[PDB]
Amino acid sequence: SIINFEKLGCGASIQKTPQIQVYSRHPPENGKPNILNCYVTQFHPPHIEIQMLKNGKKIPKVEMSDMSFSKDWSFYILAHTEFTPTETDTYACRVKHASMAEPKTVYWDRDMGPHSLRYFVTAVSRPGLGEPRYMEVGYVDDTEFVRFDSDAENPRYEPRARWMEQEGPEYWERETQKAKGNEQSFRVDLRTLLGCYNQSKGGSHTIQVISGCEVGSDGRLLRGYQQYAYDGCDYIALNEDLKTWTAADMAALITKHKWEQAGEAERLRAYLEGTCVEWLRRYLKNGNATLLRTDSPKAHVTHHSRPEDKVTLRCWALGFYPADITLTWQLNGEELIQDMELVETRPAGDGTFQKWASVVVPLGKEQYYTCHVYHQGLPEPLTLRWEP
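Taken in order, the sequence shown gives residues 1 to 13, 24 to 122, 143 to 418; the numbers are from PDB author numbering.
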């Protein structure tokens, strides 16, 4: 259960480039149906246009994940489409974003314990196009379990995991109505931040909050979060002592001084130590079965033939959960950290993740290299070698 937010009240009335990977859900064999993904990350502002192209031409039925953002405030989203890969068909993903002069097209190539309850809030103004879009997204240990999105005709808190369905009607009504009250607080703050940052009234702007608690096995609060960003930059944050605020710039000093006078750190302390902890506990009971599951990586090495007497070994980790993983190549028992290539961990789209690490080795020397896979679901690290 998210807190009811206090208005920022900063006083009476910057862009990040997307990163793109394009890859299939399952290893591509020609003729068999599959899923092509276009994973876009690290971008701000959140408005973005993503097209998937087949042989130069737009692909019509392209589904898209709901948009999320990460602890560094940048947004991310998964686009995907069904496709049956063939030998000569070319696929690609094209991204239009205000941080880029021109749309970026990225082609697909067929080779190359403690617990937390956190809420991720977004409010984006859209002058001329509608009311600000407001979202609340709840995560129990990085698993999304509830969501409120204002862009519906009758906005409602929705379960996002089957184990939330057992909460009664009284719960969803209370959350829904708290969300609509929260929505109005951010609408007012979006108006007000314009003056505070001396901005024009026709531009789109963004408020983001991360709010919640991390709780140890003993049931005691390990860390509390209440941090705000305006246009993708720190604005204000409760300190680890849960008594004082860190204001990232001058406009936030007005909010801080105000929240000091109002005792807002103390209201947060109480929510964080009590209410947040107690609800986390409740969501853990409901989700007991599913939330604790891990899936360990199945790994394998692939071989790719380069110019001259160099070859590339690629080490793959597929179908693992959670996303945290380490891949390393070794030669003679030393790690080749400084000369190997790797991709950012990426969702398969069925709820699990993929990663690979590659190294360039001499032709005929493939059996001198060993790949290591470290994942928390493994009883023991995996060790693998290329094999024909």
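C-beta: ideal position from N, C-alpha, C; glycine also.
Should residue i go down as buried or exposed, given a rule of 16 or more other Cβ atoms within 10 Å for buried?
i	result
residue 122	exposed
residue 269	exposed
residue 212	buried
residue 151	buried
residue 242	buried
residue 92	exposed
residue 171	buried
residue 110	exposed
residue 218	exposed
residue 51	buried
residue 281	buried
residue 379	buried
residue 180	buried
residue 80	exposed
residue 127	No coordinates are present for residue 127, because the numbering of the chain runs from 122 directly to 143.
residue 300	exposed
residue 222	buried
residue 247	exposed
residue 205	buried
residue 143	exposed
residue 421	With the chain covering only 1 through 418, there is no way to say anything about residue 421.
residue 28	buried
residue 256	buried
Express the C-alpha separation of residue j and residue i in angstroms, rounding to a whole number.
i	j	result
residue 103	residue 162	29 Å
residue 276	residue 220	20 Å
residue 232	residue 25	17 Å
residue 100	residue 46	12 Å
residue 411	residue 49	28 Å
residue 44	residue 197	36 Å
residue 13	residue 290	22 Å
residue 361	residue 203	59 Å
residue 418	residue 359	18 Å
residue 244	residue 387	32 Å
residue 354	residue 11	42 Å
residue 140	residue 367	The model of the chain omits the segment between 122 and 143, and residue 140 is among the residues lacking coordinates.
residue 230	residue 264	21 Å
residue 9	residue 315	38 Å
residue 390	residue 76	37 Å
residue 147	residue 195	18 Å
residue 115	residue 278	36 Å
residue 96	residue 173	35 Å
residue 62	residue 30	12 Å
residue 69	residue 55	25 Å
residue 309	residue 297	17 Å
residue 283	residue 235	20 Å
residue 201	residue 258	26 Å
residue 335	residue 405	29 Å
residue 66	residue 72	15 Å
residue 57	residue 227	21 Å
residue 365	residue 37	28 Å
residue 60	residue 292	44 Å
residue 307	residue 214	26 Å
residue 157	residue 210	20 Å
residue 311	residue 371	41 Å
residue 313	residue 199	16 Å
Can you tell me the Cβ-Cβ gap for residue i and residue j, rounded? I've got them flagged as a contact below 8 Å.
i	j	result
residue 305	residue 1	7 Å
residue 145	residue 53	Incorrect: roughly 30 Å between the Cβ atoms, too far for contact.
residue 94	residue 41	7 Å
residue 363	residue 193	Rounded, the Cβ-Cβ distance is 45 Å, inconsistent with contact.
residue 420	residue 216	In the structure displayed, the chain extends from 1 to 418; residue 420 sits before or after that span and is not available.
residue 164	residue 153	5 Å
residue 327	residue 302	So it is not a contact: roughly 35 Å between Cβ atoms.
residue 414	residue 345	7 Å
residue 357	residue 395	No, residue 357 and residue 395 are not in contact; Cβ-Cβ is about 20 Å, not under 8 Å.
residue 191	residue 175	5 Å
residue 105	residue 149	The Cβ separation is near 28 Å, so there is no contact.
residue 382	residue 339	The Cβ separation is near 37 Å, so there is no contact.
residue 112	residue 294	Not quite, the Cβ-Cβ distance comes to about 45 Å (not below 8 Å), so this is no contact.
residue 266	residue 288	About 11 Å separates the two Cβ atoms, so there is no contact after all.
At which residue ranges does the segment 361-407 contain complete alpha helix (DSSP H) runs of 4 or more residues, listed in the order of the chain?
Within the segment 361-407, no complete alpha helix (DSSP H) run reaches 4 residues.
Report yes or no: do the segment 390-405 and the segment 326-339 share at least 3 C-beta pairs separated by less than 8 Å?
Contact annotation: the segment 390-405 touches the segment 326-339, with at least three C-beta pairs closer than 8 Å.
How about the segment 77-93 and the segment 107-122: do they share at least three Cβ pairs that are nearer than 8 Å?
Short answer: they don't touch.
Could you say if the segment 309-321 and the segment 364-380 meet the contact criterion of at least three C-beta pairs nearer than 8 Å?
At 8 Å Cβ cutoff, the stretches do not touch.
Of all the beta strand (DSSP E) runs that stay within the bounds of the segment 271-341, which reach a length of 3 or more residues?
The segment 271-341 contains these whole beta strand (DSSP E) runs: 275-277 and 328-335.
Quick check: the segment 185-192 against the segment 250-258, are there 3 or more CB pairs under 8 Å?
No contact exists between the segment 185-192 and the segment 250-258.
Runs of beta strand (DSSP E) lying entirely within the segment 180-263, each at least 3 residues, in chain order
Complete beta strand (DSSP E) runs here, min 3: 236-245 and 251-260.
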